[PDB]
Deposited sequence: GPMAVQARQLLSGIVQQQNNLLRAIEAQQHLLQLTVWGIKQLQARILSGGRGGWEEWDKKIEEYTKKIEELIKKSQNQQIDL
């Protein structure tokens, strides 16, 4: 009882740590994407599909993140 409570709370707490890390990593990722796009632009045709997949994965990540924020509990 006291055991299981401390265990599950600890588990729940680290889930919030992992999620917060994932969100920060995503913010970092979007910054790198911008940097690349700006470099391709200083030297963007032929990168249409590349742009599309990025948008695809980015949308999915943002969806999953939002879906995780609501699933999240702070015990």
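- Unmodelled regions of the deposited chain sequence (numbering from residue 1, in sequence order): 1-3, 47-50.
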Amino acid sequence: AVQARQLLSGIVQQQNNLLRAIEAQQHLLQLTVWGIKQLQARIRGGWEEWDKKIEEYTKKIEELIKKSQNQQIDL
From here on, numbers count along this sequence of modelled residues.
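- Mean C-alpha B-factor is higher over 58-66 than over the other stretch, the pair under comparison being 58-66 and 19-27.
- Per-chain ranking of the deposited C-alpha B factor places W34 in the lowest third.
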